[PDB]
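**Student:** Got protein-v6.txt for you, compact mmCIF, C-alpha atoms:
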# COMPACT_ATOMS: atom_id res chain seq x y z
CA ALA A 1 -45.74 -43.30 -60.18
CA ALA A 2 -47.90 -45.78 -62.09
CA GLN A 3 -47.54 -46.90 -65.70
CA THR A 4 -50.69 -48.69 -66.79
CA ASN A 5 -50.65 -51.52 -69.34
CA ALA A 6 -46.93 -51.96 -68.80
CA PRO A 7 -44.92 -54.88 -70.17
CA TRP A 8 -45.46 -57.81 -67.82
CA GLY A 9 -41.82 -57.76 -66.70
CA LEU A 10 -41.99 -54.18 -65.48
CA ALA A 11 -45.20 -54.94 -63.60
CA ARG A 12 -43.54 -58.03 -62.14
CA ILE A 13 -40.55 -56.06 -60.83
CA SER A 14 -42.83 -53.86 -58.69
CA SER A 15 -45.24 -56.58 -57.55
CA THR A 16 -45.42 -59.21 -54.84
CA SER A 17 -47.54 -61.32 -57.24
CA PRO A 18 -47.50 -62.33 -60.91
CA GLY A 19 -50.46 -61.52 -63.12
CA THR A 20 -50.69 -57.72 -62.91
CA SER A 21 -50.04 -55.13 -65.61
CA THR A 22 -49.22 -51.82 -63.87
CA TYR A 23 -45.61 -50.80 -63.12
CA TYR A 24 -45.15 -48.76 -59.94
CA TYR A 25 -41.93 -46.87 -59.29
CA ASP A 26 -40.51 -43.78 -57.60
CA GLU A 27 -40.63 -40.85 -60.03
CA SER A 28 -36.89 -40.19 -59.58
CA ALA A 29 -36.67 -43.03 -62.11
CA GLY A 30 -32.88 -43.44 -62.09
CA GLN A 31 -32.25 -39.74 -62.73
CA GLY A 32 -28.55 -38.98 -62.25
CA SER A 33 -27.40 -42.57 -62.84
CA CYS A 34 -25.78 -44.06 -65.94
CA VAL A 35 -26.15 -47.50 -67.49
CA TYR A 36 -23.68 -48.81 -70.05
CA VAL A 37 -25.21 -51.33 -72.46
CA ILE A 38 -22.31 -53.43 -73.78
CA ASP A 39 -23.83 -55.12 -76.79
CA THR A 40 -24.59 -54.61 -80.51
CA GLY A 41 -25.07 -50.85 -80.03
CA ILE A 42 -28.13 -48.68 -79.42
CA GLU A 43 -30.42 -46.98 -81.95
CA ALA A 44 -30.23 -43.78 -79.91
CA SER A 45 -32.60 -41.87 -82.24
CA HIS A 46 -35.50 -44.11 -81.19
CA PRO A 47 -38.18 -41.78 -79.75
CA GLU A 48 -38.43 -44.13 -76.78
CA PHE A 49 -34.99 -42.99 -75.54
CA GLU A 50 -35.90 -39.28 -75.50
CA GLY A 51 -32.35 -38.13 -76.17
CA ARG A 52 -31.04 -39.96 -73.08
CA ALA A 53 -29.13 -42.60 -75.10
CA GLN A 54 -25.81 -42.16 -76.89
CA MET A 55 -23.13 -44.33 -78.43
CA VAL A 56 -19.76 -43.84 -76.72
CA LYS A 57 -17.61 -46.60 -78.30
CA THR A 58 -17.54 -49.10 -81.15
CA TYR A 59 -14.92 -51.60 -82.27
CA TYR A 60 -16.43 -51.94 -85.77
CA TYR A 61 -16.92 -49.75 -88.84
CA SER A 62 -20.09 -48.25 -87.36
CA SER A 63 -21.63 -47.50 -83.98
CA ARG A 64 -25.07 -48.29 -85.41
CA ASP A 65 -27.05 -51.21 -83.98
CA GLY A 66 -27.58 -53.23 -87.14
CA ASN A 67 -28.98 -56.16 -85.17
CA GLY A 68 -31.62 -54.94 -82.67
CA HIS A 69 -30.43 -56.93 -79.64
CA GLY A 70 -28.59 -54.03 -78.00
CA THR A 71 -31.45 -51.63 -78.66
CA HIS A 72 -33.91 -54.07 -77.08
CA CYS A 73 -31.74 -54.48 -73.97
CA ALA A 74 -31.19 -50.73 -73.65
CA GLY A 75 -34.95 -50.28 -73.93
CA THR A 76 -35.55 -52.57 -70.97
CA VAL A 77 -32.99 -50.58 -68.95
CA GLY A 78 -34.32 -47.12 -69.65
CA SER A 79 -36.80 -46.47 -72.46
CA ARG A 80 -39.83 -44.38 -71.52
CA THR A 81 -42.39 -47.18 -72.10
CA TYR A 82 -40.38 -50.40 -71.83
CA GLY A 83 -37.70 -49.39 -69.31
CA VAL A 84 -37.18 -49.96 -65.59
CA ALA A 85 -35.27 -46.69 -65.00
CA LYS A 86 -37.00 -44.21 -67.25
CA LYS A 87 -34.71 -41.24 -66.55
CA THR A 88 -31.27 -42.89 -66.54
CA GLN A 89 -28.56 -41.99 -69.03
CA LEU A 90 -27.80 -44.83 -71.46
CA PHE A 91 -24.32 -45.32 -72.95
CA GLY A 92 -23.82 -47.78 -75.80
CA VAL A 93 -20.60 -49.78 -76.22
CA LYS A 94 -20.65 -51.86 -79.42
CA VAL A 95 -18.56 -54.96 -78.74
CA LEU A 96 -20.83 -57.24 -80.81
CA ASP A 97 -21.16 -57.04 -84.57
CA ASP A 98 -24.49 -56.87 -86.36
CA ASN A 99 -24.73 -60.67 -86.32
CA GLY A 100 -24.52 -60.54 -82.52
CA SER A 101 -21.02 -62.04 -82.31
CA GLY A 102 -17.81 -60.68 -80.85
CA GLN A 103 -14.33 -61.88 -80.00
CA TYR A 104 -13.57 -62.19 -76.31
CA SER A 105 -10.65 -59.78 -76.72
CA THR A 106 -13.06 -57.09 -77.94
CA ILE A 107 -15.51 -57.81 -75.12
CA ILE A 108 -12.65 -57.51 -72.62
CA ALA A 109 -11.53 -54.21 -74.14
CA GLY A 110 -15.09 -52.90 -73.92
CA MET A 111 -15.31 -53.76 -70.23
CA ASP A 112 -12.03 -52.02 -69.48
CA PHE A 113 -13.25 -49.10 -71.59
CA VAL A 114 -16.31 -48.63 -69.38
CA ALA A 115 -14.23 -48.81 -66.19
CA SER A 116 -12.23 -45.82 -67.44
CA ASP A 117 -14.90 -44.06 -69.46
CA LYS A 118 -17.22 -43.54 -66.49
CA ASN A 119 -14.70 -40.92 -65.36
CA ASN A 120 -15.64 -38.97 -68.50
CA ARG A 121 -19.38 -39.00 -67.71
CA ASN A 122 -21.66 -37.33 -65.18
CA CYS A 123 -23.24 -40.06 -63.04
CA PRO A 124 -23.57 -38.61 -59.54
CA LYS A 125 -25.92 -41.41 -58.43
CA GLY A 126 -23.71 -44.23 -59.73
CA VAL A 127 -22.80 -46.34 -62.72
CA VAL A 128 -24.15 -49.69 -63.98
CA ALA A 129 -23.01 -52.00 -66.78
CA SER A 130 -25.37 -54.46 -68.48
CA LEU A 131 -23.80 -57.42 -70.34
CA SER A 132 -26.38 -59.50 -72.20
CA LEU A 133 -23.72 -61.71 -73.74
CA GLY A 134 -21.47 -64.63 -73.00
CA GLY A 135 -19.72 -67.73 -74.18
CA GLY A 136 -17.70 -70.59 -72.81
CA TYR A 137 -15.66 -70.27 -69.64
CA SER A 138 -12.79 -67.79 -69.89
CA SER A 139 -10.76 -66.67 -66.90
CA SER A 140 -9.69 -63.54 -68.80
CA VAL A 141 -13.30 -62.57 -69.56
CA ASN A 142 -14.26 -63.17 -65.93
CA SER A 143 -11.30 -61.12 -64.73
CA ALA A 144 -12.38 -58.24 -66.98
CA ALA A 145 -15.85 -58.29 -65.43
CA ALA A 146 -14.31 -58.47 -61.97
CA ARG A 147 -12.16 -55.40 -62.72
CA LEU A 148 -15.16 -53.47 -64.01
CA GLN A 149 -17.07 -54.27 -60.81
CA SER A 150 -14.06 -53.47 -58.63
CA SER A 151 -13.73 -50.08 -60.35
CA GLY A 152 -17.11 -49.00 -58.97
CA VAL A 153 -19.63 -50.20 -61.58
CA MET A 154 -22.60 -52.42 -60.79
CA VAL A 155 -22.00 -55.21 -63.32
CA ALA A 156 -25.02 -57.29 -64.33
CA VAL A 157 -24.46 -60.25 -66.67
CA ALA A 158 -26.70 -62.79 -68.35
CA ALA A 159 -26.57 -66.32 -66.93
CA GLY A 160 -26.88 -67.81 -70.43
CA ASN A 161 -29.57 -69.65 -72.41
CA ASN A 162 -28.19 -73.21 -72.30
CA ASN A 163 -30.54 -74.67 -69.63
CA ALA A 164 -27.35 -75.70 -67.85
CA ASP A 165 -25.13 -74.73 -64.95
CA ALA A 166 -23.74 -71.25 -65.53
CA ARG A 167 -20.39 -72.29 -64.01
CA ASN A 168 -19.18 -73.20 -67.53
CA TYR A 169 -19.97 -69.81 -69.14
CA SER A 170 -18.35 -66.37 -68.99
CA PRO A 171 -18.80 -63.71 -67.75
CA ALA A 172 -21.74 -65.52 -66.09
CA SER A 173 -19.44 -67.57 -63.86
CA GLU A 174 -17.51 -64.62 -62.40
CA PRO A 175 -18.54 -64.62 -58.70
CA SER A 176 -18.13 -60.89 -58.01
CA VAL A 177 -20.66 -59.66 -60.62
CA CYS A 178 -24.46 -59.98 -60.64
CA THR A 179 -25.40 -63.09 -62.64
CA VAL A 180 -29.02 -62.96 -63.81
CA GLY A 181 -31.31 -65.86 -64.74
CA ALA A 182 -34.65 -65.56 -66.54
CA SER A 183 -38.25 -66.19 -65.46
CA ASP A 184 -41.60 -66.10 -67.28
CA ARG A 185 -44.93 -64.40 -66.62
CA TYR A 186 -46.19 -67.36 -64.58
CA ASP A 187 -43.15 -67.23 -62.27
CA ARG A 188 -41.59 -70.32 -63.85
CA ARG A 189 -37.89 -70.56 -64.57
CA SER A 190 -37.55 -69.73 -68.25
CA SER A 191 -37.08 -72.99 -70.16
CA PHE A 192 -33.72 -71.84 -71.58
CA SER A 193 -32.35 -70.16 -68.44
CA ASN A 194 -29.07 -71.34 -67.04
CA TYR A 195 -28.99 -72.02 -63.31
CA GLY A 196 -26.51 -72.96 -60.58
CA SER A 197 -24.91 -71.62 -57.43
CA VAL A 198 -23.33 -68.68 -59.27
CA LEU A 199 -26.70 -67.11 -60.08
CA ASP A 200 -27.50 -64.15 -57.85
CA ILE A 201 -31.01 -63.25 -59.00
CA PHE A 202 -33.75 -63.86 -61.56
CA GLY A 203 -35.48 -61.28 -63.71
CA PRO A 204 -38.24 -61.36 -66.34
CA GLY A 205 -36.85 -62.97 -69.48
CA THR A 206 -39.58 -64.75 -71.48
CA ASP A 207 -41.59 -62.68 -73.93
CA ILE A 208 -40.21 -59.24 -73.11
CA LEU A 209 -41.48 -56.30 -75.18
CA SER A 210 -38.99 -53.49 -75.80
CA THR A 211 -37.49 -51.22 -78.45
CA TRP A 212 -36.11 -52.52 -81.74
CA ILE A 213 -34.24 -50.93 -84.62
CA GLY A 214 -36.06 -49.02 -87.32
CA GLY A 215 -37.92 -47.16 -84.59
CA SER A 216 -39.98 -50.27 -83.82
CA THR A 217 -40.74 -52.68 -80.97
CA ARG A 218 -40.82 -56.43 -80.52
CA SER A 219 -40.96 -59.16 -77.91
CA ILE A 220 -38.09 -61.64 -77.54
CA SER A 221 -36.84 -64.04 -74.87
CA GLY A 222 -33.54 -64.75 -73.17
CA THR A 223 -31.39 -64.17 -70.14
CA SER A 224 -30.34 -61.19 -72.28
CA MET A 225 -33.76 -59.72 -71.46
CA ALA A 226 -33.63 -60.44 -67.73
CA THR A 227 -30.22 -58.81 -67.27
CA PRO A 228 -31.31 -55.25 -68.22
CA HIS A 229 -34.24 -55.51 -65.78
CA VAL A 230 -31.68 -55.96 -63.00
CA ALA A 231 -29.29 -53.35 -64.43
CA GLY A 232 -32.13 -50.83 -64.59
CA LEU A 233 -33.31 -51.79 -61.11
CA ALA A 234 -29.79 -51.21 -59.74
CA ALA A 235 -29.68 -47.76 -61.34
CA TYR A 236 -33.13 -46.95 -59.94
CA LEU A 237 -32.15 -48.06 -56.42
CA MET A 238 -28.83 -46.19 -56.54
CA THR A 239 -30.63 -42.98 -57.53
CA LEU A 240 -32.88 -43.53 -54.50
CA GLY A 241 -29.80 -43.86 -52.28
CA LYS A 242 -30.81 -47.35 -51.16
CA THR A 243 -27.60 -49.05 -52.25
CA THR A 244 -24.25 -48.58 -53.99
CA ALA A 245 -22.59 -50.06 -57.05
CA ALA A 246 -20.52 -52.35 -54.85
CA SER A 247 -23.50 -53.70 -52.92
CA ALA A 248 -26.44 -53.40 -55.33
CA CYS A 249 -26.47 -57.08 -56.36
CA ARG A 250 -26.48 -58.18 -52.72
CA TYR A 251 -29.15 -55.60 -51.89
CA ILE A 252 -31.35 -56.78 -54.77
CA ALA A 253 -31.00 -60.38 -53.54
CA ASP A 254 -31.73 -59.29 -49.95
CA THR A 255 -34.94 -57.48 -51.00
CA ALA A 256 -36.05 -59.90 -53.74
CA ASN A 257 -39.29 -61.81 -53.86
CA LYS A 258 -38.25 -65.10 -52.23
CA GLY A 259 -39.47 -68.60 -53.03
CA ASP A 260 -41.99 -67.57 -55.71
CA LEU A 261 -40.42 -69.28 -58.75
CA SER A 262 -41.04 -72.83 -59.91
CA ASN A 263 -38.62 -75.30 -61.50
CA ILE A 264 -35.66 -73.75 -59.71
CA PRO A 265 -33.05 -76.54 -59.37
CA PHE A 266 -31.84 -77.54 -55.94
CA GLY A 267 -28.88 -75.30 -55.12
CA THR A 268 -30.01 -72.31 -57.22
CA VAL A 269 -31.37 -69.17 -55.55
CA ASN A 270 -35.14 -68.67 -55.68
CA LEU A 271 -35.02 -64.88 -55.80
CA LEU A 272 -36.89 -62.61 -58.21
CA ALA A 273 -35.88 -58.97 -58.64
CA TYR A 274 -38.27 -56.59 -56.85
CA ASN A 275 -38.15 -52.82 -56.29
CA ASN A 276 -40.17 -52.93 -53.03
CA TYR A 277 -41.79 -49.65 -54.05
CA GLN A 278 -44.72 -48.65 -51.84
CA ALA A 279 -46.87 -46.16 -53.77
Rewrite the structure from the file as structure tokens, please.
**Tutor:**
Amino acid sequence: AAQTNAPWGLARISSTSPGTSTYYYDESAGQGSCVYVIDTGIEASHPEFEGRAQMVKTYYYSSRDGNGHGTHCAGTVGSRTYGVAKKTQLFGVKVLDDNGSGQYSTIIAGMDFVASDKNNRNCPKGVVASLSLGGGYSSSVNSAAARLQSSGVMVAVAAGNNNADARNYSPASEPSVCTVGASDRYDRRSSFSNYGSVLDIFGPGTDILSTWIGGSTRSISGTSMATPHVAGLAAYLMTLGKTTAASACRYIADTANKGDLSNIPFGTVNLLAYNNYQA
């Protein structure tokens, strides 16, 4: 399938080269998979989600996304126009308040929630969790992400926007999850992207158009935007039977575009997420 005039990041994920604008993908489109977006919530009524998004948990007085961040990330995972996996099921877990903040104890609870809650959902092709959030190093936050991964969920986490080594941030520094840095449309490391040995992969993160609250759209930048590209790619590949939740991060690294990014620090992987789809 071909989506013309796609957001640059979608086109990048299905291309061996930067500078194109058509997204190519297998029409299965993540059908039968599930992606949990652990964030500020999801505006599930947005027409771009087509009824495929729902809130399953909040730790606040509302499940509504009063910020936009979670809706934007969910849109990159699976919205019809802005999403990588356009037929996946999206589940919202609101661990961040409408200012985009959350206590680590709530984030931990949300991760353990997903590990159990997937057993209440129909996801025959596999389960993914996208965590566009983080803070300073916490062994308890890392352990929560490790448990979620161990339980059979492909966990993708943002590397962070500190232009620093991700080893000092959580859950970015947990080795067993998929830690995602950000690149721009010219295949440069995003200026804000964290780096380091713990990164597994890069995805498009600078100037990413996606859904926003109020039934709108906007373009924003961050490793928060790169992470749902990888989460959606994992769901897409699992639906295709190419990989599993346990191995999807490694498979994405194995099949990535290699050596194409600039300003990658010595010791950081030079790997850009790629669906290797041959139309």
**Student:** Applying 7 Å and only C-alpha atoms, which residues near segment 216-223 of chain A remain after dropping the ones on its own chain fewer than 4 positions away? List them as a list in words.
**Tutor:**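 In the requested form, the answer reads residues 158, 159, 160, 161, 180, 181, 182, 193, 205, 206, 207, 208, 209, 210, 211, 212 and 227 of chain A.
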**Student:** Which residues come within 8 Å of segment 265-276 of chain A, counting all atoms listed in the file, excluding same-chain residues fewer than 5 positions away, as a VMD selection string?
**Tutor:** chain A and resid 12 to 16 25 195 to 203 230 233 237 252 to 253 255 to 260
**Student:** Residues within 7 Å of residue 30 of chain A, please, as a ChimeraX atom specification. Count only C-alpha atoms; anything in the same chain fewer than 3 positions from it doesn't count.
**Tutor:** /A:33,85-88,235-236,239
**Student:** I'd like the interatomic distance between atom CA of residue 10 of chain A and atom CA of residue 23 of chain A, to a tenth of an Å.
**Tutor:**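 Atom CA of residue 23 of chain A lies 5.5 Å from atom CA of residue 10 of chain A.
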**Student:** Do you know which residues are at most 9 Å from residue 131 of chain A counting all atoms listed in the file, after dropping those on the same chain fewer than 4 positions away, and could you put them as a ChimeraX atom specification?
**Tutor:** /A:36-39,155-158,171,224,227-228
**Student:** Just how far from atom CA of residue 27 of chain A is atom CA of residue 148 of chain A, in Å to one decimal?
**Tutor:** 28.7 Å
**Student:** Which one is closest to residue 142 of chain A: A:175, A:126, A:232, A:41? Count only C-alpha atoms.
**Tutor:**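 Between A:175, A:126, A:232, A:41, the residue approaching residue 142 of chain A most closely is A:175.
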**Student:** Counting only C-alpha atoms, which of A:42, A:226, A:279, A:93 gets nearest to residue 1 of chain A?
**Tutor:**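 Distance minimum relative to residue 1 of chain A lands on A:279.
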**Student:** Got a sec: who's within 8 Å of residue 63 of chain A, counting all atoms listed in the file, leaving out chain neighbours fewer than 6 positions off, as a ChimeraX atom specification?
**Tutor:** /A:41,55,57,94
**Student:** What are the centre and the three edge lengths of an axis-aligned box that wraps all atoms of segment 208-216 of chain A in the file, given that 6 Å is added to every side, written as JSON and rounded to one decimal in Å?
**Tutor:**
{"center_x": -37.9, "center_y": -53.2, "center_z": -80.2, "size_x": 19.2, "size_y": 24.1, "size_z": 26.2}
**Student:** Compare A:169, A:185, A:109, A:247 by their minimum atom-to-atom distance to residue 18 of chain A, counting all atoms listed in the file, and give me the closest one.
**Tutor:**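 That would be A:185, the residue with the smallest distance to residue 18 of chain A.
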